[PDB]
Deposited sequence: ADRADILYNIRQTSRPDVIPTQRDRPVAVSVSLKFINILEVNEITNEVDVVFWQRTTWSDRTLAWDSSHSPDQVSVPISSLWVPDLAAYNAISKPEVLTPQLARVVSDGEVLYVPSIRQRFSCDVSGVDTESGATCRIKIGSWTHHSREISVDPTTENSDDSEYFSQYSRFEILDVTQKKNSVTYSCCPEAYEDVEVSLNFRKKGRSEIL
């Protein structure tokens, strides 16, 4: 098989609107943010403008193929695949995707999507001009799929040396969101960005 044959099988098999639930188990989505830049910080409005690479992985085993005598990975446009409907709950601008909208599909049915996103958040900016810094919390989860359909699991080298800001620490913790609006729970990742002005 060549790349074309692997991509054709994926296009015939993949259902972009259908969550690939195995049995009645949630789809396990891994999310890991790598901060690249902090561009604009407003301590009065408590807003920050950041660039991050959102490493997103999950499994769709119907897409699997025998790669003993074939390429074991291909690039695929996301419009041909199911992709998790992730959103940042405290975003105040739409996510601006800076990179080509291609995913990698691995021969065992693993899918990998790593968009570069520039986006604006409402978060705690107090202490940014201090030694201890500000801690800005970013919450990322499925918008429409509760914990029984999608589970989200989190997993300095990447941060631009040319930022006015410096990263002290990034903490990524599993979490769940619930409102009076809904009987169900929505899993998220809580990303704590502890940073300060240089």
Which parts of the deposited sequence have no C-alpha atoms in the model? 156 to 161, 205 to 210
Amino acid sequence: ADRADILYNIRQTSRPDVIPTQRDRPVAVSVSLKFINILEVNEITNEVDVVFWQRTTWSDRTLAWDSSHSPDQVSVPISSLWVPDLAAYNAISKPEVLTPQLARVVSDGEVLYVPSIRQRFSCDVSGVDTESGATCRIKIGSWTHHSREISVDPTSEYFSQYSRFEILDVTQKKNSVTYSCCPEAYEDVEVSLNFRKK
From here on, numbers count along this sequence of modelled residues.
If you take the mean CA temperature factor per stretch, which one wins between 67 to 75 and 113 to 121? 67 to 75
Out of 44 to 52 and 169 to 177, which stretch has the higher average CA B-factor listed in the record? 169 to 177
For the C-alpha B-factor as written in the entry, point me to the maximum among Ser142, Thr130, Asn37, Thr62. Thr130
Among modelled residues of the same chain, the CA temperature factor third for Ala4: lowest
Hey, what third does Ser126 fall into on Cα B-factor, ranked over its chain? highest
Determine, from the deposited record, the chain-internal third of the Cα B-factor for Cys136: lowest, middle or highest. highest
Quick check for you: using the entry's CA B-factors within this chain, is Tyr158 in the lowest, middle or highest third? highest
Lowest, middle or highest third of the chain for the C-alpha temperature factor of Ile150? lowest
